[PDB]
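Given next are the chains, with one letter for each unit.
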Amino acid sequence: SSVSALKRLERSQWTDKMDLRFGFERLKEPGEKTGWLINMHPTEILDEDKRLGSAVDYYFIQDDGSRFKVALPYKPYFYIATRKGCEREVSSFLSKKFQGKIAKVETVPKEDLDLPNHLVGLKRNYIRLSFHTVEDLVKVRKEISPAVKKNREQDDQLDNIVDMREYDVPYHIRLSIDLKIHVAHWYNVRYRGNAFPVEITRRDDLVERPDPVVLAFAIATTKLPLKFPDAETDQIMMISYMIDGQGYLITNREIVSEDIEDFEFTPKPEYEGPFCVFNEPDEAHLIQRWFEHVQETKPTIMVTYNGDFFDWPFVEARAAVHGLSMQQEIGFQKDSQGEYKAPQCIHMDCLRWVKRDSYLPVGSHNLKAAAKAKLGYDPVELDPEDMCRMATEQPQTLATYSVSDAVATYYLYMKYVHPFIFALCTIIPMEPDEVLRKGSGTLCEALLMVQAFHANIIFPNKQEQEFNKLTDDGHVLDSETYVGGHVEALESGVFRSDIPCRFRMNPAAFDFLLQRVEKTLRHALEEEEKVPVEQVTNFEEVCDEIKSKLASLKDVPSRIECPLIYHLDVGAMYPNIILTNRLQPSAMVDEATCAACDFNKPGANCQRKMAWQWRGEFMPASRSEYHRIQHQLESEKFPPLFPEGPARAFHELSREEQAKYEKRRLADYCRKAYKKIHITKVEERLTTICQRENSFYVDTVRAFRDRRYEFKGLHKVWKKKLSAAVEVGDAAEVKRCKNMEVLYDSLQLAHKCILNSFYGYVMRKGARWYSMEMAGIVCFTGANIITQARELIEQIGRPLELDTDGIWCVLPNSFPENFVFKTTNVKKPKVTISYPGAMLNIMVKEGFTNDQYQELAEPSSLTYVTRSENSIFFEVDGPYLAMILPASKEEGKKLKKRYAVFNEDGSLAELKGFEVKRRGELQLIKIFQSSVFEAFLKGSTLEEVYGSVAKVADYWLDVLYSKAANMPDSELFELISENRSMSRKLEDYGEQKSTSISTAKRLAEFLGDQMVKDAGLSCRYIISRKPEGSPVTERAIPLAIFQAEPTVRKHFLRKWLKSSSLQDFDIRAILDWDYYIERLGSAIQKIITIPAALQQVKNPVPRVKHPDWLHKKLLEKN
DNA sequence: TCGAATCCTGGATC
DNA sequence: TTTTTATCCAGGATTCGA
Ligand SMILES: Nc1ncnc2c1ncn2[C@H]1CC[C@@H](COP(=O)(O)OP(=O)(O)OP(=O)(O)O)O1
Ligand code: SF4
Ligand SMILES: [Ca+2]
C-alpha cells in the first residue's frame, strides 16, 4: 500500500510543481473569482482525516490572462440489485464485510425500461455502494463480480446479489455528467478553505471567448542520402515556429554555411507571417534555446502536423544525447497509447481533424494538398534529397522552404480546427484532446448517458459479443447482417442540354398528373411552405398554366426535345425516418412482453409492425457433426501460451482460442466433406415497435435537428451583417461581427456532426443501446422510398442514375419547371415553387405518413393522445449543363457510382469516383481523364463531340508509340511511375503476393531492414520486360535504383533482369511499353468508344478495337 | 491445355 | 481495455471443369 501511496503523492507533487512553473497557481485565498474553464484532470488530495480521497482539478483562465486551479473532491460509486427483501441483510453484510473500504450504502428506487409492466409506473430498488477511492472500488468490484457471473448463468448473503450496473464509467466522465460541468463556459468559483466544498456555478451572460496563446512548430533534419532519418545518426538542422502570429526560426550554424538574415514570408494579406531568426553554434544550443523560449512564453496550446509520428520522438531522442530531458523541461511524456500528453497544455494535431472531419480524399491528406484546397494557395517544395546539398549551396532557399510549413500549419489550425473543437466541447462531457482523438461513436454515447441520467434511467451494460452462434436451424453462422442501400446505373454516354434527345412517354401518366394538380400545389404551399392557401391571390392563373402545359404534353408523348438535367435529393433522410416512425433501441418488443403489459387490451392501437431483411451466412455441417467435432476437442491437447509453458488442456484455452480452434476444425472438415464452404439465406422478418415507450432518444434527435437550423439562420444573418460592417469600415464592429459569425458557423457544424453521428452508433459492437432491427428498418424504408421515386419518374421521363437518397434524371424541355406565387404576407410577399418537388412530396405524404404517434398528456392520468407526423420531403438542385456517364467493358453490366457533371457556367460541378482523384494512381491516366472531360464540352453535336475528344487520345497514343521521343528524361519518371501504399508491416501479409509486397522485398534487398521497419510504406516502381513470361508481380523494379551509384544500379539490374551482358540500362530500353499501352487502351475504351457504340456512332478512334462481343453485335446488326 | 469463378486488398460514394 | 455501417471498382492470382 505505502508504495502506491507515496508514488501517488510524489506524482501529484511533481505535476503541481510543473503546472505551478507554467503559472497555474492553485486558488489559495478565501474569495470568489470568475474564469473560462479550459481543462480538467483527475487528482487525489488529503481530507480533514488526513486520508487520501479522489478529486478532479479544474483549470480556469481569466479575461486578463491570469490563471488558476481548483480541486473538487467527489466519491465514485456503483449499483447492485438483490432478491426480494434482501437489501437490509445484504447491505449490513456488505458493510461489516468490507468495513473501512466502502464509505456508504443506500437504497434507491430506479426506473429501468426493462422491468415487465413498467409502463404503469413501477420501478425497482437498486442498492448504491460508494467508496473513498477508485483504488478501493476496483477491489470490491472484483470481489463481487464472480458471484454475479454465476448468478446470471443460473438466472450466504453474497449468493443473493443478482446484478451490478454503471461500474465502468470513467471518474471524470461521471463527475461531468453528475455535476453538469462543461468546457468553454464561464464560471463563478467560490472558495471557503478546507472548511467547505468549493462551489462552481455557471453564468450564461458572458459570451466572448478569451484568446489563448497558441504555438505551432516544425523541425527539419539531416539524413543519409536516399534513406530515412534516424535519431541515433542524424542531427537537427533547423526549427521554426509561430506564436500568436509572430514567427521565429532557429538555425544550426554547424551545417548551414552562413548566417540567415530576418525576412518576411507572406502568401496572401490574410497571412502576414513575419519571421525573426536566431543562429546557434551547436545542436545542443539550438535545443536549449527552444526550451528556454517555451518556458519564457508559456504557451497553452501546442500544434504540429503529424508530430506524434516523427517530430516529437525525434526531438526527445536528440535531447537525451545532450543530457537534457524533455519530460522535466517541458513536461510532455508518451502515454501507454503512444501519444504525447502533458498536464499544463494541450497537444492538438491537425491531421486527426483532416482525417476525420474534413471529407478530403486520402489523396489530399498530404499537408501541402490540404493547404492547397482549404487555404487556396500553393506552398513551395524541395526535393527531399537536395536539402542536404542546398544547406551548403544556398541556405536561404532552404530557410524559405522551412518557414512555409510552420506558417501553413498555424493558419490551418487557427481557421479550421480551433473553432470546431471548442464549439463541440460545449455539448459533450470530455477533454478537448479526447474529443479530438475519440471516435464519433464514443462522442455519441456520452451524450445519451447525459440525457439518460437526468431522466433517472439506469444505464444498461455493454453488449456481450456472441461467438460462433448457431442459426435457428442449427448451422453455425459466420456472420449476421442486414441488406443496405439500393443502387442502379440506368444509362450511359453524354447528355447535353445543347443537343436534341428523343423521349417517349405514357399519356396516361400525364393524364394522372393533370387530374391532381391542385392537390399537389396546395400541399406544397401549406405544409412545406407553411403559407395558408387563402393568402395567395394569383393561384388559379398558375394552375391554368400548369394544366395547359400538361395538356400540351398529353397530346404528343413521343417527341424530340432538348433535355433538362435535374438532381432530386431527400434532405437528412435517415434522421427524419427515425423521427417519423418513433424508432428507439428500447422500443422494439416481443410477444412475451405485450402478453404481460396491462395495456394489451382488445382495441389497443399501440403495436406498429415493420419489415426488414436479415442475411446470415452459415456452414453446411449439421449440429451433430459440429458437436462431434467439439467432442473430438474433449480429449485434444494444445500448445502453451509461451514456449516455456506446459502444453494446455482444452479448458486452458481462452474462449476466443476455443472459438478459433472450432472454426479451424469445422471449416476444414466442411471443406473436404462438402462441396462449398458456406451458404447464404436472405430472409424477411417483421418487428413490433412499441409506440408508448419513453421518448428521450427521439426528443434528443429532434432538439439537435432544430438547433442546427437555428444556428444556420443566425450564421447567414451575421455573415450579411459582417458584409455591412466591412462596408462601414470600423475595425471594432468588424471584429465583433466576425467573432459572432465564427461562433455560429462552428456551432452549426458541431450540431451537424452530432446529428450525422446518431445513425452509426446503434450498430457499434459493445454499444450500451444497441439493436440490429432499427438499422435495417431505416435502410429498407429508404429503399422503398427511392424505388417508388424511380417507378414514378420512369413514366414522365428517363432516370439516369439512382443512389442511396437521390436521383439524377432528364425531363422534357416543355415540362412545368418553376412558378412564382404572389402573397399578402408582409414578410413573404412572393413564394417560388418547383413542380418536380411537389409532384413527389405528395406521393411520400400518402403512403409513408404515420397515424399512430402518441404522447403522454398528463403523467398521472395514464392518458395518451394520438397524433400524426410525416417529416420526409424532397428538394430540387440544378438544372445543370452537361452530364457524362461511363459504360462497362463487359457486355451485361454498367458502372455504378461514377459520373461527371458541369454547371451552366461550364465550370466543373462534380467528378466522382474517377482515378483522377484517387491516391497512388497512374499519372498518365489522371491527365487523360482530366483532359477528355473538358473536351466533352466542345463541339455541337454527338458526332462533333466524339470526333473532338478523339484528338486528345490520339496525342497520348502517339506518345506511347513514340517512346517519348522528344520528352526530356526527367519528365518520364513521374509520368510513368506508380505510387501505391502498403497498409501493414511487411511481415503481416504472410504468404500473400502482390506488386507492393514484391517491391517491398526488393527494397529490403537493396537498402536493408532499416527501411521496412515501419508501417505505412510507399512503393514507387516501374514494370520491366526482360524476364519474359514471368508474371507481373515479379517484374516490379523500384524507381530509386535509377539514382543509385552506377556499380550498384548495374549490379542489381543485372540481377533482376537476369540479363548478364545487358549493355543498355536506359529506362527506354527497359520499359514494358505494351503494358502501359493496354492500360491506356482499356481506359480510352470505357470512356470514349464503347459508349460511342452505345449511341449509334462508329468507333471514333481506329487504333483501339472493340471487344469481340460488341464486334459480333455490331456486325450482326449491320 | 484453356477459360471462368472465387478470393483478397486499398479506396471511394452515400 | 478499444471499436460507425453497407455497396462497389480495379487489379492480380489460384483452383476446378471441359
Ligand atoms: N459517413 C457516413 N457514415 C454513415 N452513414 C453515412 C455516411 N455518409 C452517408 N451516410 C448515409 C446515411 C445518410 C445517407 C445520406 O442521406 P442524408 O440526406 O441523410 O445525408 P446528406 O445528403 O449528407 O444530408 P443533406 O445534405 O441532404 O442534409 O447516407
Ligand atoms: S406495444 Fe402495447 S401491449 Fe406491447 S408492450 Fe407496448 S404498450 Fe404494452
Ligand atoms: Ca440527402
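Residues numbered from 1 in each chain as written, not as in the entry; some residues may be left out. Chains lettered and ligands numbered in written order. Heavy atoms only, no water.

Description of the packing of aromatic side chains
- For the coordinates displayed, the defined rule picks out 40 aromatic pairs.
- Each ring, one from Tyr697 and one from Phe758, has its centre 6.1 Å from the other, and the planes form 75°; the classification is edge-to-face. Placement of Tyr697 in helix 21 (residues 696-728) and of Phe758 in helix 22 (residues 731-761) is noted, with a sequence separation of 61 residues between them.
- You can call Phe758 buried: its relative accessible area is 3%.
- Linked through ring pairs, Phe217, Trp290, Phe291, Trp312, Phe332 and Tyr340 together constitute an aromatic cluster.
- Taking NZ or CZ as reference, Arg289 lies 4.4 Å from the ring centre of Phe278, over its face. (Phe/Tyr/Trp six-rings, centres within 6.5 Å; stacked < 30°, edge-to-face > 60°. Helix = DSSP H or I, 4+ residues; strand = E, 2+ residues; numbered from the N terminus. Buried < 20%, exposed > 50% of the residue type's maximum accessible area, 1.4 Å probe, protein only. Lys NZ or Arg CZ within 6 Å of the ring centre and 35° of its normal.)

Quick notes on the coordination of the calcium ion (ligand 3)
- Surrounding the calcium ion (ligand 3) are the protein donor atoms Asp569 (OD), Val570 (O) and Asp805 (OD), at 2.2 to 2.4 Å.
- Angles of 69 to 160° at the metal separate the six donor atoms of the calcium ion (ligand 3), which places the site in the irregular class.
- The motif formed by the donor residues of the calcium ion (ligand 3), counted along the single chain, is D-V-x234-D. Of this pair, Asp569 sits in strand 23 (residues 563-570) while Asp805 is found in the loop between strand 29 (798-802) and strand 30 (806-812), placing the two residues 236 residues apart along the sequence.
- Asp569 gets classed as buried once you look at its relative accessible area, which sits at 18%. (Donors = N, O, S within 2.8 Å, 3.2 Å for Na, K, Ca; no water. Tetrahedral: all angles 85-135°; square planar, octahedral: opposite > 155°, others 65-115°.)

Brief notes about the protein's contact with DNA strand C
- With respect to spatial proximity, 31 residues lie near DNA strand C, and among them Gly484, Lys765, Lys896, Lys897 and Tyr1075 are the closest.
- Near the protein, meaning within 4 Å, the atoms of DNA strand C are sugar or phosphate in a fraction of 78%, with bases accounting for the rest.
- Note that a phosphate oxygen of DNA strand C is positioned 3.2 Å from one of the side-chain N or O atoms of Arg764.
- Side-chain polar atom of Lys765 to a phosphate oxygen of DNA strand C: 2.9 Å apart, as the coordinates give it.
- The set of elements that each furnish at least two residues to the surface near DNA strand C consists of helix 13 (440-454), helix 22 and helix 32 (1073-1093). (Near = heavy atom within 4 Å. Polar contact = N/O pair within 3.5 Å; in protein donor to acceptor, adjacent residues only side chain to side chain.)

A word on the nonpolar core
- The biggest cluster of nonpolar side chains holds 167 residues, and the ones touching the most others in it are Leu424, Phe758 and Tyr835.
- Those residues in contact with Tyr835 that lie beyond four places of it in its chain are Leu513, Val517, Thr520, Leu521, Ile546, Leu550, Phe815, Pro816 and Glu817.
- If you look at the next biggest cluster of nonpolar residues, it comprises 58 residues, including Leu957, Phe1006, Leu1053 and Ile1084. (Core = buried A, V, L, I, M, F, W, Y, C linked by side-chain atoms within 4.5 Å. Contact = heavy atoms within 4.5 Å.)

What about the site of ligand 1?
- Taken together, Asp569, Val570, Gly571, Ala572, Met573, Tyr574, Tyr759 and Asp805 form the complete shell of residues around ligand 1.
- Measuring from an oxygen atom of ligand 1, one finds a backbone N or O atom of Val570 at 3.0 Å.
- Contact distances for ligand 1 include 3.2 Å between an oxygen atom and a backbone N or O atom of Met573.
- Notes on ligand 1: free accessible area 600 Å², of which the protein chains cover 43%.
- Of all the secondary-structure elements, those providing two or more residues to the shell around ligand 1 are strand 23 and helix 17 (573-581).
- Of the residues contributing to the shell around ligand 1, the split by class is five nonpolar, one polar and two charged. (Areas by Shrake-Rupley, 256 points an atom, 1.4 Å probe, with all protein chains shown as cover. Nonpolar A, V, L, I, M, F, W, Y, C, P; charged D, E, K, R; others polar.)

Notes on the domain arrangement of chain A
- Domain boundaries assigned for chain A yield domain 1 (2-74 + 181-202), domain 2 (82-165), domain 3 (214-416), domain 4 (881-963 + 1076-1117) and domain 5 (969-1070).
- With centres defined by C-alpha atoms, the gap from domain 3 to domain 4 works out at 44 Å. (Domains from an automatic or database assignment.)

Re the site of ligand 2
- For ligand 2, the full set of nearby residues is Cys594, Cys597, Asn600, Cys606, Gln607 and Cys690.
- The residue makeup of the shell around ligand 2, split by class, is four nonpolar, two polar and no charged.

Examining the packing of helix 28 (residues 995-1007) against helix 30 (residues 1046-1056)
- Running from amino to carboxyl end, helix 28 crosses helix 30 at an angle of 140°, the nearest separation of the two axes being 12 Å. Taken together, helix 28 and helix 30 sit at an angle that is classed as oblique. The crossing of helix 28 and helix 30 is right-handed. Residue-level contacts link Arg1002, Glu1005 and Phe1006 of helix 28 to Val1048, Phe1052, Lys1055 and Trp1056 of helix 30.
- Class assignment for the residues of the contact of helix 28 with helix 30 results in four nonpolar, no polar and three charged. (Axes fitted to C-alpha atoms, helices over the stretch in contact; angles between N-to-C directions. Parallel < 35°, antiparallel > 145°, perpendicular 65-115°, else oblique. Left-handed = near helix turned anticlockwise from the far one by under 90°.)

Digging into the protein's contact with DNA strand B
- In the vicinity of DNA strand B there are 17 residues, among which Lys912, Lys917, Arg919, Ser983 and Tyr989 approach most closely.
- A breakdown of the atoms of DNA strand B within 4 Å of the protein gives sugar and phosphate a share of 92%.
- Contact between DNA strand B and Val362: a phosphate oxygen at 3.2 Å from a main-chain N or O atom of the residue.
- Here a phosphate oxygen of DNA strand B and a side-chain polar atom of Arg919 are 2.8 Å apart.

Quick notes on the side chain of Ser358
- Structurally, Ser358 can be placed in the loop between helix 8 (350-354) and helix 9 (367-375).
- What makes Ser358 buried here is its relative accessible area of 9%.
- Residue contacts for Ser358: discarding those within four places in its chain leaves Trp353 and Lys374.

Re the environment of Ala647
- Along the chain, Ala647 falls in the loop between strand 26 (637-638) and strand 27 (648-649).
- Not counting residues up to four positions away in its chain, the partners in contact with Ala647 are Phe638, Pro640 and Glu652.

Re the sheet that holds strand 2 (residues 52-61)
- Across the sheet, five strands lie side by side as 3-2-1-8-9; this open sheet has antiparallel pairing. Bordering the open sheet on either side are strand 3 (67-73) and strand 9 (199-202), each of which pairs with just one other strand. Strand-to-strand, the axes of this sheet are offset by a mean angle of 40°, without reference to chain direction.
- Looking at chain direction, strand 1 (residues 31-46) and strand 2 are connected through ten bridges and run antiparallel. Bridge pairing links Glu44 to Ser54 in strand 2. (Pairing = 2+ DSSP bridges.)

A look at the pairing of strand 28 (residues 679-690)
- Of the pairings in the sheet, the one linking strand 24 (residues 588-589) to strand 28 comprises two bridges and is antiparallel in character. Paired with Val589 across the strands is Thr688, a residue of strand 28.

Focus on the pattern of salt bridges
- The final tally for this structure, using the stated rule, is 76 salt bridges.
- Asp112 is paired through a salt bridge with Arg165; the nearest N and O atoms lie 3.5 Å apart. Side by side, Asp112 and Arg165 carry an identical accessibility label, which is buried.
- The salt bridge involving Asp204 is made with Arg202; its shortest N-O contact spans 2.7 Å.
- The class for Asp204 is exposed, based on a relative accessible area of 58%.
- Each of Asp16, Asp19, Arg26, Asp57 and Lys69 takes part in a single network of salt bridges with overlapping partners. (Salt bridge = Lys/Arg side-chain N within 4 Å of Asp/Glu carboxyl O.)

Quick look at the sheet that holds strand 14 (residues 274-280)
- Ordered in space as 13-14-12-11-10-15-18, the seven strands form an open sheet in which the pairing is mixed. Either end of the sheet is taken by a strand with one partner, and the two such strands are strand 13 (263-264) and strand 18 (346-348).
- In the sheet, strand 12 (residues 246-252) pairs with strand 14 via six bridges, with the strands oriented parallel. In the strand pairing of strand 14, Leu249 is matched with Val277.
- Contacts between helix 5 (residues 283-297) and the sheet are confined to strand 10 (214-221), strand 11 (236-243), strand 12, strand 14 and strand 15 (301-303), with strand 11 contributing the most and set at about 15° to the helix.
- Sheet contacts for helix 6 (residues 311-320): strand 10, strand 11 and strand 18; angle to strand 10, the most-contacted strand, approximately 70°.

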